[PDB]
Structures are given as structure tokens and as C-alpha cells.
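Derivation of every value follows stated rules applied to the coordinates shown; laboratory data play no part. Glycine gets a Cβ as well: all are built from the backbone with ideal geometry, and neighbour counts include every protein chain shown.
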Amino acid sequence: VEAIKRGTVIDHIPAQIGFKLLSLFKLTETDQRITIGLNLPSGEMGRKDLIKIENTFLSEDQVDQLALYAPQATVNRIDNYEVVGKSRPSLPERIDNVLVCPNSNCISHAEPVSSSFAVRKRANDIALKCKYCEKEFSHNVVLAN
Amino acid sequence: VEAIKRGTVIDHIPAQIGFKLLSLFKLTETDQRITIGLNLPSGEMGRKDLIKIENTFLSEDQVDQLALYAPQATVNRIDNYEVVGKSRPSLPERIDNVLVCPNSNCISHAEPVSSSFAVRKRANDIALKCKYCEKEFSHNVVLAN
Amino acid sequence: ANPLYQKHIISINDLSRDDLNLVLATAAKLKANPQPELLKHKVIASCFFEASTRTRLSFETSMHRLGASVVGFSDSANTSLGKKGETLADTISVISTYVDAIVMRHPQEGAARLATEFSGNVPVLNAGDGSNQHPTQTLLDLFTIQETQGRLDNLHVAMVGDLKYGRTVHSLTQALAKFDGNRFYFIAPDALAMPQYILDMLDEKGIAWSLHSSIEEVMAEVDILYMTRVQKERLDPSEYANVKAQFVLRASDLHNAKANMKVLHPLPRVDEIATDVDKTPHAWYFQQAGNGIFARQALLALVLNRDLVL
Amino acid sequence: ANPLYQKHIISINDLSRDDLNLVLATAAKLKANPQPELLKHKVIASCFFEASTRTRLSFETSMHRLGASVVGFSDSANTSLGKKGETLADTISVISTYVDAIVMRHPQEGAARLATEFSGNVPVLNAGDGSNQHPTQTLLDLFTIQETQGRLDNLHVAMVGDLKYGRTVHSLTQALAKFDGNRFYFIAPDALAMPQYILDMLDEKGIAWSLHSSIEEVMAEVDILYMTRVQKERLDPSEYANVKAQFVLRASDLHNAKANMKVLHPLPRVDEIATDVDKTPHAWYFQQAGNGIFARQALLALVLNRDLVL
Amino acid sequence: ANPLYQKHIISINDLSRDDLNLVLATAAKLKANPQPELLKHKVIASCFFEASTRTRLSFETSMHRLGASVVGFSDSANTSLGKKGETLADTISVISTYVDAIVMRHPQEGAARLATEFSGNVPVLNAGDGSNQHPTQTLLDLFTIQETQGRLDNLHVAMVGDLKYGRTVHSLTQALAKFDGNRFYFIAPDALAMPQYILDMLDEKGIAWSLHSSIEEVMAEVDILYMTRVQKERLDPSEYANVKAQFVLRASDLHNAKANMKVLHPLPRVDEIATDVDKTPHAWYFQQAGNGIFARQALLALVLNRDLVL
Ligand SMILES: NC(=O)[C@H](CC(=O)O)NC(=O)CP(=O)(O)O
Ligand SMILES: NC(=O)[C@H](CC(=O)O)NC(=O)CP(=O)(O)O
Ligand SMILES: NC(=O)[C@H](CC(=O)O)NC(=O)CP(=O)(O)O
Ligand SMILES: [Zn+2]
Ligand SMILES: [Zn+2]
């Protein structure tokens, strides 16, 4: 058996992505119960990951932050053992804190400010334009600390 | 309670140590079904982390390399849905490759060699002696890579 | 309150064709009728953490020209940020409690943007932030382009030199792209090419641009030949092959030049523009530099004074 | 002639409770009603032989705020004292023939005192002389302490950091000791402890002070938590063990803090004050820095203008 | 083959009491009856990446006395590792194809240990690795103690100075602790105290030791007074308060010493030993250094010769 009483359940996470999400948004740094399922079967997606966090909720923006890694995912808001809300991540207009600007001469590396990038669906991929820099890179090359 | 045909189950992992184990052990690197439980209620340990990797087994010393992180953890080899082997991590003679000598002037930092320490339980903590600089440190100090 | 009152001037990307037009118009009015007391009782900071001759001096001259007082430094080496390990943020946090506006040039990209987040109600004016933006340069550039061409649209513009690190061409290309029908010719080594985020922006507006290996190639149809200096101080050693200017304009290259064509250069110049060019009718970089006065008086007037130039 | 007309401002030890009160009152009047022309026709020297951001800029802003002109330097490297081997004495001897007042900061203790012996009738204002005095800091500090506490007496004050080289705490401790009933808590490594000549002076007035090893210990009863930066540039290598701040105030240490308690810091800060403290209601070092304007306008007004602020 | 034939000599911690005695006995014999052709046809590398006078010169001299050839360097600045960025590993890999034995001194701890992992069948003799081990110093020290005291048992030994960074005392204490009944006295600053891993070793063997803040405190009981230099090259700036010697030995401090006590010092000495001690019957640092010759010849002979019958 497995069913949390109250919290959030991020389902349909791509493979090898669930762990990334865990260390990126450091979702494990909490006292709340967390059950994680990696490399699980799904069929409609082959195999997928699953993260469940009790007594923890995610605003729409927080859900959109997942868009970049798990686009076809589904965030289930759960309360009283029941799924009271179901939302899917949609491309956010910007990403903050999590990533690090690749431009070594950017003022963001030295000063006490949180990182921030504008998100742009360029074509084959997504382009990240630094709020400080004004230089834009492909999501692929823009690292995370 | 979950269930797996074959594999290993690390139980009684101190709270906030499970995720670390997944990390520096690249356990999520496999494509085998994995189940993680963080901050799970524990009868005598209060809270605990628990990991399950089906079709995977650990090293007799990696279980000891585990004795440093989760001294009171318990690895269970499982086959045909049964615990064919229950183990307990005991302090090994030495630890290789994973530790980083806290001494900044140790040659081990500049050259192409694997780290290596000699384990030795001291008064209250554990002492680690570098093979190269021959310096000794409290395992607490060494565990900060 | 004019559109630019109490407003930060950080990137041309944040400004609109109207904002730009407003500065030029104001510059024209003030050049025609100076207002010596327009900014009396104002104290403005001139903070240059990076070298400068025209930008800092024209800016300070303008402040005095409008009756304001100036405080600041032209070298961070003696500020507490330079000798006591202080953050730029705390530096702005304290200076913004003394002045009415902050003019700052900095070696790192985004310094000006950063400052706006710690200045409070004190407007930050970007005098150059690394190889990113140089908003007041574009303003004086536009003033000059119109003074000599009669318009800011339907022009053929060639930008030569280091287009990658040239904060000058970044702002100017974005500004000129807010006007209609402009043709862009980019003459620069492949290593110091115009950044993609500029080209994309151009493609976005269906603006016509093309790369060229020589000046001769476009000398016949350019209205403005914009020369630039290789930003050696910003180059990575793995790009040191480009330190020496590839394109050197000599007086003898100006034969196919149209009578209206003018050579501009944000300056300083190394050898990209021979001195024999100086006496020709096409040379206009010194006139351009002088226009820095009017543009900067204009911007200052618009940011610190509520009503339009009465 | 007000008590401070044409007077040197070198050490708090030379000032009396009345003098201090006179500056604060004047600062209050000028903050309420600025006098833009009060010092018109005055030329003041701003001579910084040592790094500075707040002190020099707030001082110059104040001079302009009162209508005076400024001349000087922020780096002795290009003065004749820096490149021709000139004495500080001769430097003052000549500058005192050009200006109405001299503001100077210097790396050696007693430089300001020294200057007064060669300036003639030109008043010298100490902007900091080594690890000795910092009179104008105490003035702005006192203005801030009263603005946030409603009084300058019967307060519990904790001074943290490098109390030995902190010219800031030397002047301030002496100033606060001219008022009655103040309790002093000194939190500092034994190597950078408050000098004996300060403690003796305290014992002299039966003032209560005690040493403490942590902030937590006194966080419950302090009205003002005065944080300081380790004066690394003044440390001897045999004291380099203390370069790194021992006491770091984080937002989570402010729970036992009284509602009135305010954290002050002459600035700049390294890591002795986390940035999470910045947004709390107790943080007041930037407000403090801004008060440098009023205090310095006040002092200037009192020293260069004969009548009280009319 | 003898016990030490073809053996690496990295740390006293890898040697037994017997190994030491073997070296000492061979040293005594070589001192009495020289063997100029013992190491004929051998080529040894003397590689010093850290400064040295006694250790390198005595070693090379010992090689020549035994008839071997010497190749090497006293500075890494002109080796490929110093100019072309080669690893120590690679360096040892190629030098080990040229010579019969490698004598090396390095700034990093563990450098000698690492070498053994790249030298193949080539023995490595650690001439000093950072502040870790100094095996040949101990060998000569033990040789010197032995002949001046006729024993290596039941001695009263005092070590003074920098015990933390002294690779000399780290190796000497371990070795003496392999003998019975020795008592130790450590006289050193709190910050440069004898490492704990050494102390735990002494407790493990039930060997008496104790701390003292003065030499006078033990002068009357010691047989060996081992003085050391403050290893400023190894100090962290947060320990720069210890550069100057805390204990200075003067002829006058020897008034109540045992008649047989010898003052030893690995050398160089800065000021911890005044020159007036040089003329007393206790001064034995030079005789000590001179014994470096016999001890190192002994080591070179045992390692490079299967059998020695002298
Ligand atoms: N980006 C700049 O500073 C441009 C171009 C260049 O430096 O080559 N130059 C100026 O603004 C003139 P300044 O550095 O004398 O103030
Ligand atoms: N003594 C000072 O200069 C104090 C404290 C310090 O420097 O840490 N600071 C100031 O006066 C600010 P400033 O050096 O930016 O003018
Ligand atoms: N560890 C050493 O090098 C010891 C102790 C010291 O340097 O103070 N001295 C020596 O080995 C003498 P050397 O540096 O002249 O070869
Ligand atoms: Zn950036
Ligand atoms: Zn080590």
C-alpha cells in the first residue's frame, strides 16, 4: 500500500530526472515524509520517476519550475487521502536561484543576489537570458550550483 | 511495507543521511526499480531513511564504507522475495577513493592518486589516518568533501 | 512627469523608440537654449570603477552645465570596496542615501542592474557595464546619426571591429532596430562577432543584416560607418589573436563613399582609423564625442526634472 | 560665535557633552530646514590619504548641500607628498593658504593633530587618523542612537569586533561616557580588546562595563548592538589570527532582542553581519550611514558659520 | 640480504627498533673503517624541491665517499615539472629509469610515499616531506645520542620549539619510543604543540611525557636537549604570532644541567640558541650535523648492498 494523507505528488517524471529534481530544488532538506519511486513502469511513458512529499504544497509557479525538466509531469495536490487538485507544468517566464550564469564576468557570481534568467522557447530548445548579464545561453549549457 | 523479488534493502539509515548515500554512491545511476523513504517513522530510531534497489547488491566493505555514514544501518540481501542475508556494517581497516584528506598541504590533492585512510575507533569518535601525509583526523572533520 | 522621470537607464532593451526620441528632442532644445539652473540643488554621484575619458568627463561637464554638484571617484582603488572588501551592493546602499542620482561604469556585466536593486528611489544610469550595455553612448550616437543624416530610419549602417565585446554596438544595434527599414552590415573577425541575441532580435523584426569581410565591400552603400576598438581588456587569452585591428580605415578608402556618409567611433581609437581620415569630410567622431554633452544633459534633465523642457 | 566656530575637531576627548549636543541639535534643524547657501563662497579641502567611501562622499555631499566648493584628493599617490617626498606638515602649510577648512583622513595616528599645528587659522576636521579617533563617526552615531532610542543616557550598549583598532569605538565610547548611566558590554577577541585608556576613563566615572565571549549573552539587554569590522589593514602579522570575524550576527540571533534594539555598524561590513539581518527591523546601519549627511552638515555649519542655525 | 636491502625509507613509523640499530651499527663501522668503493657504479638521484644545506650536501657527500655518482637538482624551478607543468608522479616515473636510488625532499606531506608508487624497483629515501617525516634526521640524531650517552634507553629527552611542524621531532619521538624507559618533555607554544597522533602513540606504549612552559623547568633532569626552529614556511598566517622563538637558550641557562647532557638541534637555528652556547661542552649541534655523513652512508650502503661485512 502507498497513499499519503496530505501533500503533493509529482507523477510522470522522466527517467533519471526524479533524482535531479531532488538535488536541484533540494526537496529532501525537510523533516516531512518523502517516498520516492525511481525507474517505475508506466507504459504510456515506458518507465518514470515519482516523488511524493507530505504536508508540502506547490504554487503554480513552483509547478512551472518543473517544466524545464519534467514537462509531461502531473502535480497532484492531495489532502485527506484525496486528490483535490491536478495541474501540469507550463513553461515559466523565468528561473531564479537554482541555476548559475555561465558568463564568468557576470556581477551575479560576486555579489549577494539570487540568480535569475528569462525563459524563451527559441526553437529546438529553450534560451536563458540572464537578468544581470543580458547575455543568453541554451538551457543545456547553463549550469546549476 | 513494500516488496521486491531480488535485491538489497538498506534500513535504519539516520535521518538526513539517505539522500546523501544516493548521491555519493551514484545509486540512482542504475535503471533498476528503486524505492526511497525519507524521514520515515522508526520504532526505536525515531525517524529514518530507507532505500531499496531490486537486483542490486553492495560490497562487503562498501557496507563498511557505510559504517562511517550510518553506523547502525542494516543491509538485507534479498532473493525470491526473502531475506537470505542480514548484515551489519562493521568498521573496516581502511577507506579508499571516497574521502578527501582535510590537510590542504597533502600531496594527495595535487597528484593522480586515490585517497586512502586507516580506520581506527578512538575514545568517542573514529580516527582517520592518511596514507600519504600520515596525519590523523576525527572522522567528523574528514566527512566534509 | 515626463516618461523618464525618476527612471533607471540600464539597458536599451528596456527603452522604446519613444523614450529614445524624447531624449533627442530634449537634447536639441537644451543645445538651443541651455538651462544653467535646471538641476541646481541636485547632488549626483559619478562612480567609475573602470577607465573612462569621454563618458565621465562629458557626464560631469553636463551636470555642472545644468547647475548640479558632483561627488564620486574615477577609481575604485580608494573606495572601501577597493581596500576593505566591501560588496558593490552595500556601496550602492550607502551612496544612495547621499545623492539624487548615480552614474556608474563597472567592469562586470550587470553591475548597473545590480545597483538598481539597492539604490531605492535613487535612479541608476548605466555608463557602461562590462561588455554588455552602454545606453548613453547610443543616445549620443543617435543624436549624431540624425544630425548628419536627417533621420533615424531607412539607413544603411556598417559596424566594424569587435562586435562581441562592444557594449557600444549592442545598445546601438538594439536602438536602431526600434526604427524602421535599417540595413545592417557587420564587419568583424569570426571570434569577435555580433552576439546571437542581437541577430535573433533582428530576424524577429525582419531586419536585414549580413556579414562582410571588408569595408571596401560596403563602402559604396553605407550611410554610417561605425568603427570600434578591440576590447583587449575584455578578451580571453584564447582570443588574443584578435587584439590587433583587422580593419583599418584609411583616407584612401573613402573614394566610393557617398557624400552623406559619416565615420563614427565611440572612441578611443587605436589604429582602426588612420589620422589621415581626421581631415576628411566623412570624419565625425570628435563631433560625435561633443554630442555626448547634449545627450547627457538631456537624459539628466529628463530623469531628475519632472516637467518637459520648458 | 557658537562654541564650535573656527574650532578644530580632532578627538572626542577634546569635546564636551555640550559640544556633542550642539551638533545633534544643529543636525536636526538642518535636516528639517536645509540651508543651501549657508556656506556659499567657502572652499573646503577633502584630503583622504586612506581609503574611504562613506566618510569622504557624505562629507563632500554635505559641503555641496550647504553651497560650498570642494578641492582635494582621495589618494595621496599623486600629491607631491606621494611622488616628491614631501612632509605632511609642508602639505598642510600650503593647503591651509587655499582653503577655509581641511577635512583629512590619514593612515597614521595623530595626523590630524599634527595638521592643526601647521594650518594656522584654518580648522582641521579629523575624518579618521589611523586606529585612533573618528570624531565625525561618533557624531552621526549619536544622532542615530537618539533617533532610535529617544535619548543618549541610561542605555545598554554592546560593542562587538575589533575594539583595539576601531577608531570608531574609541571615540564613541568616550562620547557615550560623557552622558550618564550607560552600560557597556565589550565583545571582542582578547587580542583586539578595548584599550586600557578607555576602560580607565570609564572606571574614572564609575561607569559599568564588562567583557563577554558572545553576543547571545547580552542580546536580551542591549539597546544598541554596535558591530565592527576587523581592521585587517592595521593588524600586525602577529595578530593575523584575528583577521576573520569571531562574531557573526545572523537574523536568528535577534529573537531575544528587545523591540527597541537596533544594530549599528560604521561600515563597511565583511561577514560580521549576515545579509539576512538587513531585512529585519533591528538593522539600521544604512539609515545610520545616511545620518552621516546631517551630522556632517551640522559640524561644517558650526565650524564655518559664526551664528547658530537661524 | 640485510633487512633494509632495496627498502624504501619513508617514515620511522615503518621501521623497527632492529632496523634502527642496524643502521646505527653500520654507521659506527663506516665511521671507523671507510669503504670508498662500496657503492661503485651506482648512480643516485638527489632531488630537492625544498631548500636545504645539511641534508642535501651530507647525502651527496656520503654518496661520493662510497664511490657512487650523483645526479639531480636542488630546485624544481628548472625541471620540466617546474616549467612545463609535469606531475611529481610522471617525474618519478622517468627518473626511476635512470638511477639506482632516489633521495627526495618535498614541500608537501606524503610526497615521498607517493614517489614509491611510481619508482618501480627503485628505493626512495625521504629527505623530508613537508612537516611529516624526516627519517634520515632521526637516524643521525639517534646515532649522535647513542655515542654521547652510550644508550638509547632510559633517557630524559626534552624537545623544544615548533613541535607541530617539526618533521624532525615527529620522526625522532616515534623512534625513541621504540626503545624502553625513555621519558619526554615537550616545551612548545600552545599553537605549535606536539601533534596528538604522536601523543596517543606514547600513551599506547605506556611512555611518560609531560608539558612545560620553560626550559629551566627541566634543565636539571635531561640527557638530551633537542631544540628546534619555528617552521615559518609551514605556518598558517593564523599562527604568525609564533614566528619568533618563544624559548631562547643561552650559556647561562645551562648552569644546573647534567654534565653529560648534550644540546642538539637539527639546524638551521634562528635565535632559539644563542651563540654563547657554542663554546660550552654541551653544544653538540655541529658534531651532530657531522654525523649526518656516517648515518646516511650507512643507510645508502644497507639499501643498495645485499650484504655488508665490515
Ligand atoms: N565601451 C566604451 O567604454 C566605449 C568604447 C571603447 O571603450 O572602445 N568608449 C567610451 O565610452 C569612451 P570613454 O571610455 O573614454 O568614456
Ligand atoms: N574607521 C573607519 O574608517 C570606519 C570603520 C571601518 O573602516 O571598518 N569606516 C568608515 O568610516 C566608513 P568609510 O571608510 O567608507 O569612509
Ligand atoms: N626539517 C628540516 O628540514 C630540518 C629542521 C628545520 O628545517 O628547522 N633541517 C634540516 O634538515 C637541515 P637542512 O634544511 O639544511 O637540510
Ligand atoms: Zn549573467
Ligand atoms: Zn593526507
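Rounded to the nearest 20 debye, the dipole magnitude of the protein assembly as shown is 1020 debye, with +1 charges on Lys and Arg beta carbons, -1 on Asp and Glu beta carbons, and the Cα centre as origin. Axis-proximal residue of chain D for the rotation onto chain E, reported as residue and distance in whole Å: D:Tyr240, 2, based on Cβ position.
When the charge dipole of segment C:102-212 is built from unit charges on Cβ atoms (+1 for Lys and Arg, -1 for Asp and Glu) and taken about the Cα centre, the candidate among C:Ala208, C:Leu155, C:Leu125 whose Cα reaches farthest toward its positive end is C:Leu125. Our note on the geometry: Cα centres of segment D:1-67 and segment D:91-160, 10 Å apart.
Evaluate the charge dipole of segment B:1-92 about its Cα centre and quote only its size in Debye, nearest 20, assuming +1 on the Cβ of each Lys and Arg and -1 on the Cβ of each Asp and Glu. Write out the running numbers ahead of the final one.
Details: 11 positive and 12 negative charges, 30 e Å.
Around 140 debye, computed over segment B:1-92.
With the charge dipole of chain A set up from +1 on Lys and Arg Cβ and -1 on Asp and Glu Cβ about the Cα centre, the Cα lying farthest toward the positive end among the listed residues A:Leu24, A:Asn39, A:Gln65 is that of A:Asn39.
If one computes P(r) from the Cα atoms of segment A:93-145, what percent of pairs lie at distances over 19 Å? Of all Cα-Cα pairs in segment A:93-145, 15 percent lie more than 19 Å apart.
Where chain B is carried onto chain A by rotation, the Cβ closest to that axis, with its residue and distance in Å, is B:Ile36, 2. Simple point charges give the picture: +1 on the Cβ of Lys and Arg, -1 on the Cβ of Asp and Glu, and for chain D a dipole about the Cα centre of about 880 debye. In a Gaussian network model over chain E where Cα atoms closer than 10 Å are linked, find which of E:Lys83, E:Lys178, E:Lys258 has the largest mean-square fluctuation. Evaluated over chain E, the most mobile residue of the options is E:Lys83.
Distance distribution note for chain C: the fraction of Cα pairs above 32 angstrom is 26%. Modelled this way, with points 7 Å down the Cα-to-C-beta line, the labels at E:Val309 and A:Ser90 are 9.8 nm from one another. Label-point spacing for E:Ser210 across the identical copies (point 7 Å from Cα in the Cβ direction), in nm and ascending order: 3.8, 9.6. In this entry, segment D:232-295 is assigned a mean projected area of 5.7 nm², taken as a quarter of its C-alpha convex hull surface. Along its first, second and third principal axes, ordered by size, segment A:1-92 spans 31, 29, 25 Å in Cα coordinates.
How large is the helix-only mean residue ellipticity at 222 nm for chain D, computed as the sum of -39500 (n - 2.57) over DSSP H runs with n ≥ 4, divided by its residue count, in deg cm²/dmol to the nearest 500?
Numbers: 10 runs with 104 residues, N = 310.
Only helices count here, giving -10000 deg cm²/dmol.
Return the loop-located trypsin sites (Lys or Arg not before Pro) in segment C:1-47 (DSSP other than H, G, I, E, B) with at most 13 other Cβ atoms within 10 Å of their own Cβ; answer none if there are none. Please report the intermediate quantities before stating the final value.
Working: sites: C:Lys7, C:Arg17, C:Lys29, C:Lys31, C:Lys40, C:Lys42; in loops: C:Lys7, C:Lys40, C:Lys42.
Listed in order of number, the matching sites are C:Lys40.
Relative contact order for chain C: what percent, with Cα pairs under 8 Å and sequence separation of 6 or more? Dividing the mean separation by the residue count of chain C yields 22 percent. Copy-to-copy label distances for C:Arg306, where each label lies 7 Å from Cα along Cα-to-Cβ, are 3.9, 10.5 nm in order of increasing length.
Show log10 I(q)/I(0) for segment D:31-137 at q = 0.18, 0.19 Å⁻¹, two decimals, from a solvent-free Debye sum over equal Cα scatterers. Ignoring solvent entirely, the Cα scatterers give -0.86, -0.95.
The chymotrypsin sites (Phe, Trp or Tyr not before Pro) found in segment A:58-134 that occupy coil by DSSP, while having at most 14 further C-beta atoms within 10 Å, are A:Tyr81.
How fast does the protein assembly as shown diffuse by Stokes-Einstein, in µm²/s, taking the Kirkwood radius from C-alpha pairs at 37 °C and 0.692 mPa s? Walk me through the numbers on the way to the answer.
Details: Rh = 36.8 Å.
Answer, rounded: 89 µm²/s.
When the chymotrypsin sites (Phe, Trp or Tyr not before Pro) in segment D:89-149 are filtered for DSSP coil states and for at most 12 other beta-carbon atoms within 10 Å of their beta-carbon, the remaining sites are D:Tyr98.
Here segment A:90-145 and segment C:181-232 have alpha carbon centers that stand 26 Å from each other.
Once the gyration tensor of the Cα atoms in segment C:143-301 is diagonalised, the equivalent ellipsoid follows with semi-axes of 21, 20, 17 Å, ordered largest first. Across the copies of the chain, A:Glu44 has label points (7 Å from Cα along Cα→Cβ) spaced 4.5 nm apart, shortest distance listed first.
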